[PDB]
Amino acid sequence: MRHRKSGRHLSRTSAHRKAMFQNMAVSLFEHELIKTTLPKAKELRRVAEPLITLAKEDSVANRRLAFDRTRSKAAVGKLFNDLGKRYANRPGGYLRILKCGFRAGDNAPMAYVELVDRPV
Amino acid sequence: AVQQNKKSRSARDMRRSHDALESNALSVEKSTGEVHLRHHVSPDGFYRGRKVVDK
Amino acid sequence: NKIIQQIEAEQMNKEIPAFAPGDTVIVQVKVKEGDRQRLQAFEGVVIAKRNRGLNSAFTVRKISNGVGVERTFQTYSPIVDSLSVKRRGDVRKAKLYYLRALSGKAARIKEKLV
Amino acid sequence: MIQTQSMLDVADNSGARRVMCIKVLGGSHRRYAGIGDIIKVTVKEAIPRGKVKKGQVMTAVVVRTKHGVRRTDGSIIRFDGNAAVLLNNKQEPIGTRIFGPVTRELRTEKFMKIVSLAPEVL
Amino acid sequence: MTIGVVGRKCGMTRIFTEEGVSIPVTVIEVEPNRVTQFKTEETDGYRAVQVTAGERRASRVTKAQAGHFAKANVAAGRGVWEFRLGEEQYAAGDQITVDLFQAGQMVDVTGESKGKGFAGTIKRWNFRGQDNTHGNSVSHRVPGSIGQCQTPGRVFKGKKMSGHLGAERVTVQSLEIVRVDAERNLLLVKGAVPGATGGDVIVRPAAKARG
RNA sequence: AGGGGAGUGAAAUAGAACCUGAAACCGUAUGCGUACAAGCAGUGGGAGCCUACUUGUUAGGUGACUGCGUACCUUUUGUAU
RNA sequence: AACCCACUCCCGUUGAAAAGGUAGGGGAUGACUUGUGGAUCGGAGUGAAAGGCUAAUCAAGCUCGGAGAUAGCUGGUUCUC
RNA sequence: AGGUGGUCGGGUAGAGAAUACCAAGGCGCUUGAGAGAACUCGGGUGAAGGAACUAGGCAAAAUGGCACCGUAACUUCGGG
RNA sequence: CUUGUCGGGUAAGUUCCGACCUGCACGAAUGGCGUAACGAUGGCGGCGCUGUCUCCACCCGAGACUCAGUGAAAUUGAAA
RNA sequence: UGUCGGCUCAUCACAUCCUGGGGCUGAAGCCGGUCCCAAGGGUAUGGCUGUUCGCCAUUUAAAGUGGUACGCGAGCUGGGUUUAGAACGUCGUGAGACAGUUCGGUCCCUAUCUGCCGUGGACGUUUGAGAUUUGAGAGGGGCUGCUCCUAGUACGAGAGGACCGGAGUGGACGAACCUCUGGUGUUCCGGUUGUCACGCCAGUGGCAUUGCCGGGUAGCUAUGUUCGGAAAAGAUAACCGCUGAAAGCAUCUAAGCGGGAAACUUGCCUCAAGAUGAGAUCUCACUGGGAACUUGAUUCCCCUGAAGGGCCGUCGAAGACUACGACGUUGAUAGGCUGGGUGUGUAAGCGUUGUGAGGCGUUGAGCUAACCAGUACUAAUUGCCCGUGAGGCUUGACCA
Ligand SMILES: [Mg+2]
Ligand SMILES: [Mg+2]
Ligand SMILES: [Mg+2]
Ligand SMILES: [Mg+2]
Ligand SMILES: [Mg+2]
Ligand SMILES: [Mg+2]
Ligand SMILES: [Mg+2]
Ligand SMILES: [Mg+2]
Ligand SMILES: [Mg+2]
Ligand SMILES: [Mg+2]
Ligand SMILES: [Mg+2]
Ligand SMILES: [Mg+2]
Ligand SMILES: [Mg+2]
Ligand SMILES: [Mg+2]
Ligand SMILES: [Mg+2]
Ligand SMILES: [Mg+2]
Ligand SMILES: [Mg+2]
Ligand SMILES: [Mg+2]
Ligand SMILES: [Mg+2]
Ligand SMILES: [Mg+2]
Ligand SMILES: [Mg+2]
Ligand SMILES: [Mg+2]
Ligand SMILES: [Mg+2]
Ligand SMILES: [Mg+2]
Ligand SMILES: [Mg+2]
Ligand SMILES: [Mg+2]
Ligand SMILES: [Mg+2]
Ligand SMILES: [Mg+2]
Ligand SMILES: [Mg+2]
Ligand SMILES: [Mg+2]
Ligand SMILES: [Mg+2]
Ligand SMILES: [Mg+2]
Ligand SMILES: [Mg+2]
Ligand SMILES: [Mg+2]
Ligand SMILES: [Mg+2]
Ligand SMILES: [Mg+2]
Ligand SMILES: [Mg+2]
Ligand SMILES: [Mg+2]
Ligand SMILES: [Mg+2]
Ligand SMILES: [Mg+2]
Ligand SMILES: [Mg+2]
Ligand SMILES: [Mg+2]
Ligand SMILES: [Mg+2]
Ligand SMILES: [Mg+2]
Ligand SMILES: [Mg+2]
Ligand SMILES: [Mg+2]
Ligand SMILES: [Mg+2]
Ligand SMILES: [Mg+2]
Ligand SMILES: [Mg+2]
Ligand SMILES: [Mg+2]
Ligand SMILES: [Mg+2]
Ligand SMILES: [Mg+2]
Ligand SMILES: [Mg+2]
Ligand SMILES: [Mg+2]
Ligand SMILES: [Mg+2]
Ligand SMILES: [Mg+2]
Ligand SMILES: [Mg+2]
Ligand SMILES: [Mg+2]
Ligand SMILES: [Mg+2]
Ligand SMILES: [Mg+2]
Ligand SMILES: [Mg+2]
Ligand SMILES: [Mg+2]
Ligand SMILES: [Mg+2]
Ligand SMILES: [Mg+2]
Ligand SMILES: [Mg+2]
Ligand SMILES: [Mg+2]
Ligand SMILES: [Mg+2]
Ligand SMILES: [Mg+2]
Ligand SMILES: [Mg+2]
Ligand SMILES: [Mg+2]
Ligand SMILES: [Mg+2]
Ligand SMILES: [Mg+2]
Ligand SMILES: [Mg+2]
Ligand SMILES: [Mg+2]
Ligand SMILES: [Mg+2]
Ligand SMILES: [Mg+2]
Ligand SMILES: [Mg+2]
Ligand SMILES: [Mg+2]
Ligand SMILES: [Mg+2]
Ligand SMILES: [Mg+2]
Ligand SMILES: [Mg+2]
Ligand SMILES: [Mg+2]
Ligand SMILES: [Mg+2]
Ligand SMILES: [Mg+2]
Ligand SMILES: [Mg+2]
Ligand SMILES: [Mg+2]
Ligand SMILES: [Mg+2]
Ligand SMILES: [Mg+2]
Ligand SMILES: [Mg+2]
Ligand SMILES: [Mg+2]
Ligand SMILES: [Mg+2]
Ligand SMILES: [Mg+2]
Ligand SMILES: [Mg+2]
Ligand SMILES: [Mg+2]
Ligand SMILES: [Mg+2]
Ligand SMILES: [Mg+2]
Ligand SMILES: [Mg+2]
Ligand SMILES: [Mg+2]
Ligand SMILES: [Mg+2]
Ligand SMILES: [Mg+2]
Ligand SMILES: [Mg+2]
Ligand SMILES: [Mg+2]
Ligand SMILES: [Mg+2]
Ligand SMILES: [Mg+2]
Ligand SMILES: [Mg+2]
Ligand SMILES: [Mg+2]
Ligand SMILES: [Mg+2]
Ligand SMILES: [Mg+2]
Ligand SMILES: [Mg+2]
Ligand SMILES: [Mg+2]
Ligand SMILES: [Mg+2]
Ligand SMILES: [Mg+2]
Ligand SMILES: [Mg+2]
Ligand SMILES: [Mg+2]
Ligand SMILES: [Mg+2]
Ligand SMILES: [Mg+2]
Ligand SMILES: [Mg+2]
Ligand SMILES: [Mg+2]
Ligand SMILES: [Mg+2]
Ligand SMILES: [Mg+2]
Ligand SMILES: [Mg+2]
Ligand SMILES: [Mg+2]
Ligand SMILES: [Mg+2]
Ligand SMILES: [Mg+2]
Ligand SMILES: [Mg+2]
Ligand SMILES: [Mg+2]
Ligand SMILES: [Mg+2]
Ligand SMILES: [Mg+2]
Ligand SMILES: [Mg+2]
Ligand SMILES: [Mg+2]
Ligand SMILES: [Mg+2]
Ligand SMILES: [Mg+2]
Ligand SMILES: [Mg+2]
Ligand SMILES: [Mg+2]
Ligand SMILES: [Mg+2]
Ligand SMILES: [Mg+2]
Ligand SMILES: [Mg+2]
Ligand SMILES: [Mg+2]
Ligand SMILES: [Mg+2]
Ligand SMILES: [Mg+2]
Ligand SMILES: [Mg+2]
Ligand SMILES: [Mg+2]
Ligand SMILES: [Mg+2]
Ligand SMILES: [Mg+2]
Ligand SMILES: [Mg+2]
Ligand SMILES: [Mg+2]
Ligand SMILES: [Mg+2]
Ligand SMILES: [Mg+2]
Ligand SMILES: [Mg+2]
Ligand SMILES: [Mg+2]
Ligand SMILES: [Mg+2]
Ligand SMILES: [Mg+2]
Ligand SMILES: [Mg+2]
Ligand SMILES: [Mg+2]
Ligand SMILES: [Mg+2]
Ligand SMILES: [Mg+2]
Ligand SMILES: [Mg+2]
Ligand SMILES: [Mg+2]
Ligand SMILES: [Mg+2]
Ligand SMILES: [Mg+2]
Ligand SMILES: [Mg+2]
Ligand SMILES: [Mg+2]
Ligand SMILES: [Mg+2]
Ligand SMILES: [Mg+2]
Ligand SMILES: [Mg+2]
Ligand SMILES: [Mg+2]
Ligand SMILES: [Mg+2]
Ligand SMILES: [Mg+2]
Ligand SMILES: [Mg+2]
Ligand SMILES: [Mg+2]
Ligand SMILES: [Mg+2]
Ligand SMILES: [Mg+2]
Ligand SMILES: [Mg+2]
Ligand SMILES: [Mg+2]
């Protein structure tokens, strides 16, 4: 049974699931548009979106908290300087998911994840 | 465990009466007339009258 | 769950002072041994607590006549007539279940003076 | 809850130190004995000049359990060990003193004698 | 029996009596039921009343159901139910609230039990497991034997096997009404009610009663 | 890769895995039958429908319904076994 | 510990493997383990002895000959009246 | 997932060529994606009992280091 | 014959230990009777420990299930 | 055609062990003995032994007897027995033997068909559709102790001790549930060992079985909580009758009228019109033309496709895939956000005290999964496909 439970296993251990979403969020902040499998994109918004919320208030304790959850110095600086000021007046919903077909190799459903207000 | 008699031609064709394939939901973009999967970005990179990825 | 909250909120009128795990408390328990109604005292250290509104509870532990006994009280039950803190304890944990394996002088709780 | 092969100490002064449950009485296929339940025990250790011997089969009442007993308001009382009181053929205690506290579920007509002798009744 | 109300299961709580007793209680919210149709002997055979409760948005109501709901000026709700009444009179548009019940008043509650997906014989039928050691080979929770040798030489119909502990319709009998709330439209019933929070339940007077 | 034309040839459905090209086996098209019915699948009877021409005492294809009906070989006193 | 071995459970049994794996186990300066080269063989060899081993073959190896051994025993034996 | 002789063999802990985390160097084991039923395999925790299991404590749980104190019957006087 | 009989151990012991002698059918280098140390050796009994069990519950990975690709096996007189 | 015993799961008979109804008794009562009716439901745990049995210990209302390949190894085991090793007694010159002992000794198979447990697709139910239904039929369930009152009454010299009727509380079994008591909770919070890294200090992160641990939310769950077995009606069994002749009496029977059991039919719960005998009720939708005939339940073309269904998407205490349930901008379906709740237990930085480890303050701080409430910030498109165009004929009765 699974009643009222959140979270996908994705056929990994809990430690390897955590490392993978840590990597995915770092890539998303750096490139602002990435392509991945649809189930992975839906579990990613429960990790990346709370990090953008935390960067709205800039302080030493917040930046350390962001670094503990993204062990990346470039990601901590992209937050707190660009993301967090761009979404200061945005009440959630910072990333958007769009289905984009299937892979040729294994017929896996794919999706686009991008930030809502990319400068371009 | 294995069969004691071989299946007839008719018997195995009845098992395959559920093997048929269904079709997909296709839509046409009003701006360009291009066919795409319903609720999916088109192969040219459009969705709901907007350019999303531009290849 | 919004209307269960209102049904439970009408049954919570007792005073219920503030205490913490590790405190030494005295609980007056209502006993009816027939028609006569008296109060009994239960003195011991609070080893656990449970904050759930109407379903709140706390467990206290004592040594009666060379035998350890511990009772879990329902906080808003009418059987709990009153409660008072005798001493305050200085502990780091929320549940003091390690006191079950300690017996005499090793089971003492430091006192929180202020 | 007490079942066969459970060891429990003696809250009486009848000379026994440890007894083992060998039967839970009062029903076919009955599994557990709680506080106030009559059981059949064998004496495992005894005092040199007690009034019971080692290897003697007799009847006891369970007086104190680690599983505990629940009250009508939802509360529960637990103890740090299992204890029993040995009884004779007419179902009265064999000793003359009772050590440790007991509970109010024991205030029945047939066990009211041992309630009075108990230092504390919880 | 023969008449009841439809409600939603809100959850469980306690009532503390003044003498210090805790009563386990299930809270049932009964929105006031509305009479949609009345069936009599001469025009349907049997004799019953058809009822609805709740609300349903207009885009989700069909034209066949809108016309049925409009013969009685009664408005559309979620679901429709009948109660097989013995000798009672009701007219289209009538209301039925918690006011047909009192404190005391043993009642029957019917619901749809929680669904376990596909259960084994140990959980579904309370079979007993085999050895976990002493040489057992990949057969710890398996059902064992299912028949005999050449005589009959088949499995008997109704044999207990595995699959789908149901989300079925079950009835719990002789439950005591602790509190009737007419202003909040609440029924407080002692004990457990089948189903999950938010499910549909039917409350009827107890069929056995007597004792 | 493989094909559709065009050409060569008496002939490419003689195209190089190349004379002829059977059977098992696998398909596409058309006609009739088949979703309340129990078994060696056939046979005696038999309506209806389709096709052809001599327009029905005819030929071809299907076979609703119904009576009977437990494969072949070997070995045996004896086999649906 | 390495290295040599193979006591127990489980898995695997159409195996990853025609004898393994994980987890535990024994010996581990000696009657030890191991590389290279050499010697002994078919009624023969070798054997701290189990009828063990002698190229996944052993109460007498493999290969080719006598040789189409012999088989009072099973099986099969082909068109018509 | 087997077998195959010899040589080299760093750091921090450590008695160590054990073990753990790393260096130089090498690799992610040539089908993937999902979902999170029974059941099978390999594991974690478990109320109250504590061998009642079973042919049998099989399996599991448990013990586990260094220093010091202390240690029985028996003995071939080494031992135990 | 036989679970001989007596004693001990257990609430209860066809196994175990100590004896008796009626040895179906022990017996002295196919050695008799003892024996410290040793044994992945056989039998019995304790302490600790426990999912072995009462009686199973939850959780974690690998399969099983679905989708895409590749693609076996034993078996088989014919089957409405 | 795998042969004992154990485990798991059973199904039937009645020659009945308990519970139910009776006759006789060498039946005072409480207990019994024997026979008749009755198969609804029940019907031990252990010590020894490979044992089935048996004997013991302690229970129980009771610990039934048998059939089913002495039920059940393509469900498990492998202690016994019946391969190969070794030993004892006995027999044989010996190789060896014993239905005599003793220690050791590999249990294969991915389910085609029938069967069974679940869950779907197609078609039909005579125009189609949304919804609610009757009940032919079938399954489930059905056990029982003790205590008290009648009443220390009937009975009995006493000891002792009821029938009938009423109330309470248990055991075993089953269902549902998670408020409480607990378990779990590798998705929440802390402590800590070794090592590597983030330039370094501080602070953190990876790996070590989740490294080892201490707690714990939702969900799931029992050992926790609640409920159940009925009462009652009918037709009967054995049995007990009423009236009553054949046969002036007698006689339950021949005519007629009764009482009567956990068995049978209902009553309680669940499924149920594929019940092809395909039932019923409420409401909704569709009201254009030609052509050819082999001239009516016919075929073809143009036009027009409603009620509704599905595809698709966001999901679900629903789920193997399905199916089922809610929603799709006229929107709270999912995520986020904002509040709260819950858990953990006083973060970082700074300031003080100390030589330092550490302490103290800011500070019940910081963080917080699945929970509660609100909010369109993100994602649920602006679409396609099925489904048609008034529903045959005969007979009868009412209307026109
Ligand atoms: Mg959810
Ligand atoms: Mg996978
Ligand atoms: Mg890890
Ligand atoms: Mg097969
Ligand atoms: Mg077959
Ligand atoms: Mg065959
Ligand atoms: Mg065969
Ligand atoms: Mg055959
Ligand atoms: Mg198929
Ligand atoms: Mg479910
Ligand atoms: Mg259950
Ligand atoms: Mg069992
Ligand atoms: Mg078991
Ligand atoms: Mg095996
Ligand atoms: Mg296993
Ligand atoms: Mg048959
Ligand atoms: Mg069954
Ligand atoms: Mg030409
Ligand atoms: Mg040709
Ligand atoms: Mg040619
Ligand atoms: Mg030629
Ligand atoms: Mg050719
Ligand atoms: Mg051919
Ligand atoms: Mg075909
Ligand atoms: Mg037909
Ligand atoms: Mg029929
Ligand atoms: Mg058939
Ligand atoms: Mg004919
Ligand atoms: Mg013809
Ligand atoms: Mg015919
Ligand atoms: Mg025929
Ligand atoms: Mg026939
Ligand atoms: Mg016939
Ligand atoms: Mg033959
Ligand atoms: Mg023969
Ligand atoms: Mg013969
Ligand atoms: Mg003969
Ligand atoms: Mg014949
Ligand atoms: Mg045959
Ligand atoms: Mg060897
Ligand atoms: Mg192991
Ligand atoms: Mg090993
Ligand atoms: Mg060596
Ligand atoms: Mg040496
Ligand atoms: Mg040497
Ligand atoms: Mg050696
Ligand atoms: Mg050498
Ligand atoms: Mg050589
Ligand atoms: Mg040679
Ligand atoms: Mg030779
Ligand atoms: Mg030789
Ligand atoms: Mg030899
Ligand atoms: Mg030899
Ligand atoms: Mg030999
Ligand atoms: Mg060779
Ligand atoms: Mg060889
Ligand atoms: Mg020879
Ligand atoms: Mg010759
Ligand atoms: Mg020959
Ligand atoms: Mg021969
Ligand atoms: Mg002969
Ligand atoms: Mg033959
Ligand atoms: Mg032959
Ligand atoms: Mg080697
Ligand atoms: Mg090193
Ligand atoms: Mg070592
Ligand atoms: Mg390693
Ligand atoms: Mg590394
Ligand atoms: Mg490197
Ligand atoms: Mg691979
Ligand atoms: Mg497991
Ligand atoms: Mg395991
Ligand atoms: Mg494990
Ligand atoms: Mg464990
Ligand atoms: Mg835990
Ligand atoms: Mg435990
Ligand atoms: Mg414990
Ligand atoms: Mg113990
Ligand atoms: Mg035992
Ligand atoms: Mg046993
Ligand atoms: Mg066993
Ligand atoms: Mg062991
Ligand atoms: Mg264990
Ligand atoms: Mg282990
Ligand atoms: Mg271990
Ligand atoms: Mg010793
Ligand atoms: Mg003997
Ligand atoms: Mg003897
Ligand atoms: Mg004896
Ligand atoms: Mg034993
Ligand atoms: Mg013994
Ligand atoms: Mg002896
Ligand atoms: Mg003798
Ligand atoms: Mg001898
Ligand atoms: Mg001599
Ligand atoms: Mg001799
Ligand atoms: Mg000797
Ligand atoms: Mg040795
Ligand atoms: Mg040896
Ligand atoms: Mg020994
Ligand atoms: Mg024993
Ligand atoms: Mg489980
Ligand atoms: Mg799993
Ligand atoms: Mg595929
Ligand atoms: Mg596939
Ligand atoms: Mg029968
Ligand atoms: Mg009878
Ligand atoms: Mg009987
Ligand atoms: Mg009688
Ligand atoms: Mg008789
Ligand atoms: Mg019976
Ligand atoms: Mg029976
Ligand atoms: Mg029966
Ligand atoms: Mg019957
Ligand atoms: Mg009945
Ligand atoms: Mg037993
Ligand atoms: Mg035994
Ligand atoms: Mg009894
Ligand atoms: Mg039987
Ligand atoms: Mg048998
Ligand atoms: Mg039997
Ligand atoms: Mg087996
Ligand atoms: Mg067997
Ligand atoms: Mg097997
Ligand atoms: Mg079988
Ligand atoms: Mg079979
Ligand atoms: Mg098997
Ligand atoms: Mg054996
Ligand atoms: Mg031998
Ligand atoms: Mg001799
Ligand atoms: Mg061995
Ligand atoms: Mg068949
Ligand atoms: Mg069949
Ligand atoms: Mg039927
Ligand atoms: Mg039944
Ligand atoms: Mg029934
Ligand atoms: Mg019973
Ligand atoms: Mg709970
Ligand atoms: Mg826990
Ligand atoms: Mg550390
Ligand atoms: Mg560094
Ligand atoms: Mg550093
Ligand atoms: Mg600090
Ligand atoms: Mg540092
Ligand atoms: Mg660290
Ligand atoms: Mg690392
Ligand atoms: Mg590692
Ligand atoms: Mg590493
Ligand atoms: Mg450890
Ligand atoms: Mg933990
Ligand atoms: Mg907890
Ligand atoms: Mg919980
Ligand atoms: Mg009756
Ligand atoms: Mg007369
Ligand atoms: Mg008469
Ligand atoms: Mg008559
Ligand atoms: Mg009657
Ligand atoms: Mg009854
Ligand atoms: Mg009856
Ligand atoms: Mg129908
Ligand atoms: Mg039918
Ligand atoms: Mg109908
Ligand atoms: Mg429409
Ligand atoms: Mg639609
Ligand atoms: Mg889904
Ligand atoms: Mg709104
Ligand atoms: Mg949301
Ligand atoms: Mg918030
Ligand atoms: Mg809190
Ligand atoms: Mg502080
Ligand atoms: Mg601080
Ligand atoms: Mg920290
Ligand atoms: Mg403070
Ligand atoms: Mg807090």
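The sequence lines fix the lettering, A, B, ..., with proteins before strands; numbering per chain opens at 1. In what follows, every heavy atom counts, from backbone to side chain, and hydrogens, waters and symmetry copies are set aside.
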For residues 151-168 of chain E, run the donor-acceptor check on the side chains, cut-off 3.5 Å, and write out each pair with its distance to 0.1 Å, sequence neighbours left out.
residue	atom	partner	partner atom	Å
E:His164	ND1	E:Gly117	O	3.1
E:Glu168	OE2	E:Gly166	N	3.4

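Taken together, J:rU217 and J:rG145 do not qualify as a Watson-Crick or G-U wobble pair under the 3.5 Å criterion applied to both distances. The base of J:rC14 engages J:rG64 as a Watson-Crick or G-U wobble partner, both distances under 3.5 Å. Taken as a pair, J:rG100 and J:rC88 qualify: Watson-Crick (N1-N3 plus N6-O4 or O6-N4) or G-U wobble (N1-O2 and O6-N3), both under 3.5 Å.
Within the structure, every side-chain polar atom (N or O) of A:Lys42 is placed at least 4.0 Å from both OP1 and OP2 of H:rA35. OP1 or OP2 of J:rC227 has at least one side-chain nitrogen or oxygen of E:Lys190 nearer than 4.0 Å. Note on C:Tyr97: every side-chain N or O is 4.0 Å or more away from OP1 and OP2 of J:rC213. Listed pair C:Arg50 / J:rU181 meets the phosphate criterion, a side-chain N or O lying under 4.0 Å from OP1 or OP2. Contact between the side-chain N/O atoms of E:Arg128 and the OP1/OP2 oxygens of J:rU8 is found at a separation under 4.0 Å. Between E:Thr133 and H:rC58, a side-chain N or O to OP1/OP2 separation shorter than 4.0 Å is absent.
Shown here are the salt bridge (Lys or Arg N to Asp or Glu O under 4.0 Å) partners of A:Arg90, two or more places apart in sequence or in another chain: A:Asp117. For A:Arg46, the salt bridge (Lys or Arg N to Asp or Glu O under 4.0 Å) test picks out no residue, with sequence neighbours left out. For E:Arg47, the salt bridge (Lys or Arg N to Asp or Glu O under 4.0 Å) criterion is met by E:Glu41, E:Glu87, not counting sequence neighbours. Judged as a ring-ring contact (aromatic ring centres under 6.0 Å, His included), and not counting sequence neighbours, the contacts of C:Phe73 are C:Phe42, C:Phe58. Shown here are the ring-ring contact (aromatic ring centres under 6.0 Å, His included) partners of A:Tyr87, two or more places apart in sequence or in another chain: A:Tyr94.
In RNA chain H, runs of at least 3 consecutive Watson-Crick or G-U pairs, each pair with both distances below 3.5 Å, span H:10-13 with H:19-22, H:31-34 with I:65-68, H:39-46 with I:56-63.
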How does each nucleotide of nucleotides 117-123 of chain J score, in 5' to 3' order, for protein heavy atoms under 4.0 Å: base (B), sugar-phosphate only (S), or none (-)?
BSSB---
Treating primed atoms plus P, OP1 and OP2 as sugar-phosphate and everything else as base, which nucleotides of nucleotides 41-51 of chain H get B, S or - for protein heavy atoms under 4.0 Å?
S------BBSS
Scan nucleotides 73-80 of chain I nucleotide by nucleotide, 5' to 3', and note B when protein non-hydrogen atoms come under 4.0 Å of the base, S if they reach only the sugar-phosphate, - if neither.
-BBB-BBS
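Sequence neighbours left out, the pairs with a member in residues 107-129 of chain E that pass side-chain hydrogen bond (donor to acceptor under 3.5 Å, both in side chains) are E:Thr110-E:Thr171.
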Scan nucleotides 321-330 of chain J against the protein and return all N/O pairs shorter than 3.5 Å with their distances rounded to 0.1 Å.
residue	atom	partner	partner atom	Å
J:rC327	OP2	E:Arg56	NH2	3.1
J:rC327	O3'	E:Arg57	NH1	3.3
J:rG328	OP1	E:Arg57	NH1	3.0
J:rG328	OP2	E:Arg60	NE	3.0
J:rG328	OP2	E:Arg60	NH2	3.1
J:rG328	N7	E:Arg60	NH2	3.0

